[PDB]
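Chain order of the listed sequences is B, A, A' and B'. A prime marks a further copy of an entry chain. Start counting the first sequence at 3; every next residue gets the next number (the authors' numbering). Start counting the second sequence at 3; every next residue gets the next number (the authors' numbering). Start counting the third sequence at 3; every next residue gets the next number (the authors' numbering). Start counting the fourth sequence at 3; every next residue gets the next number (the authors' numbering). Think of the CB as a built atom: it goes at the ideal place given N, C-alpha and C, for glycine as much as any other residue. Here's the structure, in structure tokens; my notes come after.
Number of protein chains: 4
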Amino acid sequence: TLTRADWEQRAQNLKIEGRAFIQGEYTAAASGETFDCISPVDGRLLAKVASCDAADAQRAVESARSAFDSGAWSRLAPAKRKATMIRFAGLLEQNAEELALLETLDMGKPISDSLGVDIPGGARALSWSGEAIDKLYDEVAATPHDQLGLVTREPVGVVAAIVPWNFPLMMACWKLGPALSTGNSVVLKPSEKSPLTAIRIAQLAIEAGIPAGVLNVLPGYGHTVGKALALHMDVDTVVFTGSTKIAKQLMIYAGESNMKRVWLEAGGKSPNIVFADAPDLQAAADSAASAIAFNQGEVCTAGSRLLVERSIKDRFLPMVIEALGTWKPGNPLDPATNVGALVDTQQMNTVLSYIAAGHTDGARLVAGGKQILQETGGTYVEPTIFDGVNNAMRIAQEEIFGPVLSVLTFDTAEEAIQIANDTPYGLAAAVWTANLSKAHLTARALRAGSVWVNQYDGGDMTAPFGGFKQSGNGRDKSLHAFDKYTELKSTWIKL
Amino acid sequence: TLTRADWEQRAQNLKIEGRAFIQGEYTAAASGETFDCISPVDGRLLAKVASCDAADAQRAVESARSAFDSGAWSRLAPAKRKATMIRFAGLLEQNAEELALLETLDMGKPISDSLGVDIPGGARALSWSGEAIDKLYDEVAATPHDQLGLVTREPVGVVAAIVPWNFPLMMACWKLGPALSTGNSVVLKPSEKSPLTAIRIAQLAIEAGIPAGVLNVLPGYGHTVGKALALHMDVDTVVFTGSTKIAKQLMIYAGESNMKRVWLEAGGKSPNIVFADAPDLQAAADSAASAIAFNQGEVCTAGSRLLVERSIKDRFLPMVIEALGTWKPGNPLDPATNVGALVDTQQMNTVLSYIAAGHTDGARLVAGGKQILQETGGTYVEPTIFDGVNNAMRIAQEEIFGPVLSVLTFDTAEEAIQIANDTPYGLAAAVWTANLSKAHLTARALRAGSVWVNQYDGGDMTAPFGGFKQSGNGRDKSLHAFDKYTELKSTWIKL
Amino acid sequence: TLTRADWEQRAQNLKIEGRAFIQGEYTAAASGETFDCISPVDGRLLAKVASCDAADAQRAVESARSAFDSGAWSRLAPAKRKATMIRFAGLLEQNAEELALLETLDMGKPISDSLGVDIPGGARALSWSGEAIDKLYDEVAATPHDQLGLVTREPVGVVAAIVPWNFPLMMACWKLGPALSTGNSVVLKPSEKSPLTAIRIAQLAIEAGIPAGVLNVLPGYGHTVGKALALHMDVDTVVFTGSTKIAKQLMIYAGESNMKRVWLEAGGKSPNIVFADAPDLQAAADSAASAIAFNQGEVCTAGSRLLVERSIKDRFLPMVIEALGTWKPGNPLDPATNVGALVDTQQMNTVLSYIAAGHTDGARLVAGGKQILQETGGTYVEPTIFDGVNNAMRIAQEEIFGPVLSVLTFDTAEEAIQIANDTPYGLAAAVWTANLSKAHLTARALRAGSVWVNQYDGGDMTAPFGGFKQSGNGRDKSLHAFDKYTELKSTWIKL
Amino acid sequence: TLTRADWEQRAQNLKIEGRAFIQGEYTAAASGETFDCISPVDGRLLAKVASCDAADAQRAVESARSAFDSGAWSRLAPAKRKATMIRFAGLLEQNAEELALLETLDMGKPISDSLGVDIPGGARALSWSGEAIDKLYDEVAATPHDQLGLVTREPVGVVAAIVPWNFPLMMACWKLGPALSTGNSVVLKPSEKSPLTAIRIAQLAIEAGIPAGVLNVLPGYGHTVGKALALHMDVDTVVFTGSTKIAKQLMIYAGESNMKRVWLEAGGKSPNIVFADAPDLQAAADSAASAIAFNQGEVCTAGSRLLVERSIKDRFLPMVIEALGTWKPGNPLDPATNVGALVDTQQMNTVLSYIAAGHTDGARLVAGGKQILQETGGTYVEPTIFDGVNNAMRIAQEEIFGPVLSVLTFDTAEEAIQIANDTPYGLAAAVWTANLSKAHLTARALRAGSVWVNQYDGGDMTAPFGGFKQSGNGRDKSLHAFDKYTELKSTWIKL
Ligand SMILES: NC(=O)c1ccc[n+]([C@@H]2O[C@H](COP(=O)([O-])OP(=O)(O)OC[C@H]3O[C@@H](n4cnc5c(N)ncnc54)[C@H](O)[C@@H]3O)[C@@H](O)[C@H]2O)c1
Ligand SMILES: O=C(O)Cc1c[nH]c2ccccc12
């Protein structure tokens with residue numbers, strides 16, 4: 003097991019690829035322009051990364067289209083596509099230490115989380131999806147004797163995947179697994195705040211046996227190459243994970259261009275509801291702190307609204323404060339660190355401004371509240387809790403995307419539900435109770451794509467993930483994710 | 003069996019309802035404004051129809067939301083929702099002669115078509131969807147022993163349904179069947195060119211046992227109340243059938259407002275491919291004629307591009323011409339009529355303009371081409387055929403929505419396929435051949451939501467219907483239509 | 003609502019059909035022999051019923067086979083089979099009062115039960131199964147590009163259905179619904195203790211539109227015509243509901259003859275587990291009473307072993323005793339009667355013998371225990387409860403098929419589970435607790451086809467029903483029942 | 003690539019395990035008895051193999067039951083069971099040369115077939131089944147709001163698997179893949195004619211991580227240990243592949259014992275129908291010879307009845323004779339050999355007696371017909387063809403299970419179908435035609451579990467495999483195979 007000194011040495015000894023990847027080769031952007039990739043660990047320069055624009059989008063899509071039409075991947079036998087996807091996952095695992103390190107340096111998450119959660123999470127999405135390919139069956143309708151009615155699925159063609167910076171590799175693999183498994187060509191567009199792991203795995207895909215042109219990667223800004231992909235007249239489908247504001251813009255771009263399918267995973271303000279009869283309050287307290295502090299609270303399913311039944315509030319909140327105290331910001335390259343840096347200065351100032359807004363709107367600070375470790379040249383903030391929060395407060399309505407907890411109380415189940423659903427969002431929610439009826443009925447009443455009962459952040463590759471309402475449309479993970487990347491065809495044959 | 007004079011007497015003796023329907027009662031628009039509903043049959047005033055606007059959209063959505071939240075329909079037992087939907091369908095059939103007559107007077111299709119195709123088709127959509135409700139099963143995931151993972155579907159809430167004028171009742175039922183069966187409230191927005199049947203069935207829904215508020219109907223213009231529904235912040239989903247131009251605008255509206263789900267059924271330029279080894283050339287000829295002339299060519303899946311293998315072209319085209327000659331425009335109230343009036347003067351002008359464009363671009367007129375029966379005060383055009391059409395010509399690229407057939411030739415299956423897919427559309431296609439491999443391989447290669455083999459206009463309620471590319475997203479009919487009206491939820495329970 | 007005197011008048015005025023039914027016509031047995039059908043209500047002669055034997059089995063199977071091969075029903079369009087099955091169900095409901103009366107006179111269950119439970123239950127099985135037919139889809143495999151792999155289901159052909167006397171019409175419909183819906187011909191063999199309703203509905207099937215030969219009915223003894231069907235070389239499948247002893251014999255018959263498929267629904271000794279934290283003890287008490295007394299305890303899933311946590315036993319048992327006191331034997335033709343006659347003298351003797359065995363083995367009689375109403379000429383027994391029962395006792399191990407309840411105690415959930423599964427049977431079980439984990443984990447641990455939580459006798463047509471272990475194989479109701487009446491075919495086509 | 007000399011050296015250098023395997027250890031039979039395992043290659047003694055009896059069955063089942071109840075495998079997380087099954091498959095491949103060699107020496111098939119078909123076939127069944135585990139979902143019924151209806155699958159418990167000698171390892175894996183993947187304990191009972199690969203892989207299962215007791219292997223005779231497993235009162239399910247005669251006996255044993263579920267894969271007499279319009283007659287001829295000569299015609303789907311349209315018979319039969327001539331018996335340890343030895347003297351004399359019966363009943367010998375290579379001390383027979391066969395002849399009705407072809411003619415499709423279905427069997431069939439309608443309609447009319455079109459022996463792990471009629475019940479391969487090893491449970495929860 004590697005030490006802090008080992009990781010620091012490894013970080014120094016990396017050679018970091020920064021180019022885009024098109025038709026099987028790394029390449030500069032057509033303009034030759036780059037942007038600086040800066041580490042939030044200490045501010046070091048990782049790489050000059052290709053800054054792609056519309057011209058590069060055009061070339062990547064021409065490459066994607068041509069590869070799709072050749073059938074090299076899109077008409078490869080299901081069992082061979084499975085084998086290739088599983089080897090692709092295997093190469094992520096074989097290169098886990100470098101990939102984990104890139105992620106940590108790129109966007110600041112703890113090396114033990116990169117290594118233990120992100121890389122295996124990414125590989126598992128690729129291999130599970132690959133495993134599923136020949137387990138899927140299409141349909142034959144019940145028809146008259148002189149008819150054969152087939153209902154089958156086909157790949158849409160060229161897929162644009164636009165992804166965010168909080169789980170760069172894993173979110174990429176959530177798209178890539180099903181999109182590639184179904185036979186599509188994909189143009190992947192990583193966040194400008196974390197381009198490095200996407201750039202790196204382009205090569206691994208080739209090594210696994212993914213044909214040239216099937217997976218192209220275009221680093222660069224959202225408002226340049228990202229927008230260009232979303233407006234492209236020969237992209238069939240765009241899948242997106244990011245902010246709600248940009249998600250809406252993609253719908254507009256699709257309407258302005260070619261009516262491409264649009265699938266969105268956006269923000270969240272997930273309610274974590276703890277009833278007095280929770281089976282294990284200590285477990286509920288640990289999970290409540292984890293739900294907001296893990297990955298610096300840069301998690302769209304962060305349990306950012308803690309709803310607690312009033313009769314246990316006085317006992318429970320100290321338990322949460324105590325639990326939160328074990329999550330301490332520190333050097334991300336130290337294996338012992340469990341909370342890392344925020345992704346950048348812009349992100350940190352947003353979080354600090356929301357903390358200020360907590361004070362302004364009348365909430366009570368009971369833990370954290372300040373920036374720390376300024377001397378490192380990195381960006382760190384204490385996990386923070388506000389008590390006495392009303393659901394109309396800004397820190398209650400708006401996604402903060404930092405480790406900032408809002409605590410709300412209720413006295414009836416019906417009120418807990420009303421408060422929990424009082425949001426434009428609907429990504430996730432949790433319910434803690436030992437009562438059979440109350441568990442299922444409350445879960446059923448919550449308008450969220452994921453509802454966790456007596457746990458937080460549950461589910462694995464078998465569990466569809468995505469939003470109600472303005473948290474998005476469609477689902478990642480499970481077999482349901484495949485439907486985003488395919489079209490139904492009814493073939494009706496007269497005999 | 004009713005005669006022409008019987009239908010004319012019945013037409014005279016109708017009292018026609020023109021009001022909007024909200025919260026279980028017919029009502030004027032808030033503004034008190036109306037528009038004239040004029041028959042294309044002869045020009046008579048059918049009714050002064052409520053002209054709804056944004057205020058009416060607001061009242062109908064508030065009514066829809068409150069109905070949804072009460073659980074009166076959305077939490078009604080599956081078997082009870084089933085029985086109600088089947089009674090709803092039964093009422094359409096019980097009132098078939100009136101509904102068919104309203105349809106024929108409202109938009110000009112022949113009375114024998116309204117009675118024999120539209121009303122039964124609409125009823126079938128309502129009853130089949132109802133029958134299916136308690137035959138559907140959600141999912142339980144394979145999880146560790148201390149987890150229970152449920153994957154269930156829930157109604158989205160408030161659905162706006164915006165539909166066109168070519169099959170007014172049937173297209174509304176395609177939406178209502180699954181949207182209502184899943185428990186949603188629906189605000190239905192019929193075309194301003196054909197509001198009457200939607201207005202009428204609002205009352206039948208109440209009689210069937212659909213609760214007040216669950217089905218509201220808002221006649222009025224697209225750019226007023228239609229746009230208001232698409233922009234409404236408390237509408238969860240909009241489903242649409244209409245032009246590609248407006249479909250795109252709906253995506254824009256959703257992005258501008260609340261990221262509502264958008265499901266689109268749009269235009270088409272469907273290729274009908276006849277190979278030299280078609281098993282029954284006469285059947286192929288009869289079908290080719292019917293595919294362009296049925297419902298005055300005002301059919302989204304009209305076989306408007308006829309692709310013929312060159313070696314049989316000289317024999318096959320005269321057969322198509324003779325078959326088309328049996329399709330003759332006439333009085334829509336005559337039961338013997340198989341081709342009715344176009345919907346309005348604007349539509350006839352569009353069709354005549356495209357006929358002129360056919361001449362212009364260099365095609366050869368071989369049948370029809372003229373307006374007829376002007377003295378009736380109605381709008382009628384001869385079923386028309388252009389020979390020597392190249393796929394680049396305007397009449398081959400652009401949807402005409404009239405009875406105008408373009409005839410193209412090819413020499414290889416590969417060429418046939420290239421021409422078929424050379425279109426922004428992808429709603430339907432057909433292939434005629436006796437050969438096993440050629441049938442399946444050609445069908446597989448065609449980028450269209452429905453592919454019919456050795457028949458045209460096939461499929462029933464078991465066949466999903468909808469577009470590739472700019473012909474839309476999502477499917478109507480079958481069990482797959484239900485997915486447009488529900489959300490997935492993953493409930494992961496720790497035990 | 004009909005009174006007792008109304009029902010008695012109607013009973014007097016029935017003309018009762020006693021013949022077999024083959025190839026669309028009622029018929030005598032080949033031998034001309036009959037058996038007396040005697041009512042347990044008072045002892046009157048209902049009819050002289052045809053006593054079929056091997057020759058009749060042969061004629062009915064030849065008729066079934068020829069009907070099957072003609073395609074008149076087996077190749078009838080799915081939507082047409084659906085409509086016919088729904089009309090068939092409609093005729094049962096249209097003739098509900100006669101059918102219910104036949105059932106009550108034939109085997110002694112209360113008229114309000116026959117009318118309120120059996121006839122609607124039977125109709126529901128026929129209509130739900132019919133509704134499902136065109137909602138089912140077969141499969142298309144994920145194959146290489148030059149292969150098309152179809153996985154479809156086909157009717158087995160000729161089905162023999164052998165059913166018991168406790169729910170004569172309902173058990174027949176459980177078989178007929180799915181067997182007929184899938185296109186099979188059926189030879190139905192009702193119990194010699196209750197042949198009348200099966201004989202009657204043969205005619206209703208013809209009226210609904212079921213073709214001649216598709217449903218044949220052969221009244222007669224198990225060891226004659228029953229055995230002949232099970233041994234017949236041209237019967238493809240036998241489905242059975244009855245005793246475990248005979249179920250086993252059927253497997254032997256199939257091995258001795260033609261390896262026909264054998265699907266069995268056999269006996270049970272279902273445990274009803276009441277934990278101290280049941281949410282509603284009164285509901286639990288009412289249900290415990292109903293679970294043993296309903297239909298005279300002649301119910302395969304009768305909750306005949308009541309397992310009670312020792313800490314609530316002293317409070318709960320008197321509640322069960324009081325609840326059981328509302329269940330009182332009486333004249334089956336009185337609509338107020340909730341407990342009817344046992345089916346015959348032989349059955350009453352068996353029940354009395356088990357009551358005596360209860361005393362013998364050392365249990366404590368706390369309610370009932372005696373035959374009553376002897377002066378009526380009918381066979382009636384008091385609903386009975388033994389306390390202090392050990393699971394090794396005869397009344398705890400052996401199915402009694404009378405209203406005799408055994409009460410056992412436990413201290414831990416683990417012990418409850420061990421006792422519940424300590425049986426050769428596995429048809430049903432129930433668990434009563436308010437606790438989430440205990441509910442699901444206990445339910446998961448119980449080896450039984452149906453597990454009911456905080457209710458007894460739950461489920462509807464959506465719930466598969468059938469046994470673990472010696473309680474049978476395969477399931478009735480739901481879509482899973484269809485699989486007993488079809489075969490899978492893999493059609494792999496090279497293109 | 004290994005030479006004949008290499009394989010002969012390897013064969014000499016094997017140390018061959020002969021013991022049974024129970025609770026994680028190799029063991030003698032309780033009696034200490036053995037039987038000689040003799041190679042049909044040249045007659046050498048491979049090993050003295052444990053001859054188990056009823057006492058060993060008892061001990062293996064006690065071990066199986068105890069392992070199942072411990073939950074070590076039966077309650078292991080789905081994703082971990084998947085991993086273990088995939089490693090199990092991997093160890094088959096890692097030990098492929100030894101396993102292939104054992105199979106070839108044990109029952110005489112060519113080493114290139116053992117290595118190229120059997121071992122990879124076996125591994126693929128284990129890994130595909132393992133891959134499928136967490137891709138399967140159970141069901142949630144549509145129920146009223148106060149109900150939650152779960153329909154789930156659970157492992158049956160202890161499975162006996164009894165397998166034949168023609169594909170010893172592969173047939174074993176067809177059972178083991180799904181049975182183990184679903185969580186059952188399995189007692190595997192290999193043929194006495196080929197025990198060695200089953201004995202050997204018991205150890206590999208342990209190495210892969212299958213817990214002790216989950217997979218026990220009992221070599222020995224059918225009429226001793228095989229019968230004992232089938233009659234055992236604590237075996238829940240027996241799955242069988244073998245002769246039709248013994249398959250029927252298993253049904254009888256189940257009836258005599260505990261009503262255990264019985265799933266059967268038995269014999270076949272598969273029709274290979276070649277129409278005059280077959281797309282590629284040469285391909286049809288090659289496949290027809292392969293269909294009967296591959297694995298010495300010891301294949302239950304052997305195309306043993308060749309049905310040829312009369313108009314091509316004179317051209318086609320010489321093509322078949324010529325093709326068959328390239329299949330030549332030779333030394334099984336020679337990599338060039340494509341037809342090996344028959345399994346033993348008993349089998350060879352059966353085949354020779356059927357060839358004699360071909361002459362007797364009036365058929366015309368047009369190829370092969372004799373035993374050869376007597377000097378080797380092994381058993382070999384020429385691939386043989388009889389012409390002018392009528393379907394009532396013994397060689398037409400009875401499974402021969404040697405390389406003996408019967409040629410029949412027809413002149414209409416309807417006659418081809420009648421002849422093809424004129425059999426007690428229904429395992430497989432094939433159809434060769436270029437015509438779309440004739441292909442699908444003929445395929446639909448054939449009463450066989452597998453129908454191959456324009457190919458023979460098609461399908462992969464996605465295609466269910468098994469019989470109609472006396473060819474068996476249930477299916478191996480695909481997801482459908484899992485249903486043989488699980489029980490449905492309806493858990494109905496009142497909320
Ligand atoms: N599964 C999920 O739903 C999920 C997962 C992780 C994060 N999120 C959300 O993502 C957000 C993370 O912050 P963020 O800054 O990465 O979101 P963001 O919307 O600012 O950027 C996300 C991606 O979209 C690109 N983009 C930006 N503008 C674009 C434009 N006009 N056109 C096309 N592409 C454009 C960006 O370059 C980036 O790749 C959070 O709100 C979080 O809730 C959601
Ligand atoms: O979508 C339409 O244009 C209506 C439509 C498509 N297929 C049909 C078959 C019969 C009647 C109407 C339609």
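Based on the DSSP output, what are the partners of residue i in its beta bridges?
i: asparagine 423 (chain B'); result: Bridge partners of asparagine 423 (chain B'): none, in fact.
i: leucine 47 (chain A'); result: A':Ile40
Below 7 Å, is the gap between the Cβ of residue i and the nearest heavy atom of ligand 2?
i: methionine 172 (chain A); result: yes
i: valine 119 (chain A); result: yes
Considering only residues of the same chain and omitting the five flanking positions on each side of residue i, which have a CB-CB separation below 7 Å?
i: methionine 253 (chain A); result: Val264
i: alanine 98 (chain A); result: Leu117 and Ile121
With hydrogens ignored, establish whether the beta-carbon of residue i is closer than 7 Å to any heavy atom of ligand 1.
i: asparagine 218 (chain B); result: no
i: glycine 228 (chain B); result: yes
Please return the same chain residues whose Cβ sits closer than 6 Å to the Cβ of residue i, not counting the five positions on each side in sequence.
i: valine 391 (chain B'); result: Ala365, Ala398, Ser408, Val409 and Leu410
i: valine 453 (chain A'); result: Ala431 and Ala445
i: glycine 179 (chain A'); result: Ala127, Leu128 and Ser131
DSSP three-state label for residue i, please.
i: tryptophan 176 (chain A'); result: helix
Segments of 4+ residues assigned as alpha helix (DSSP H) that fall wholly inside the segment 240-299 of chain B:
With a minimum length of 4 residues, the continuous alpha helix (DSSP H) runs that stay inside the segment 240-299 of chain B are 246-258 and 283-295.
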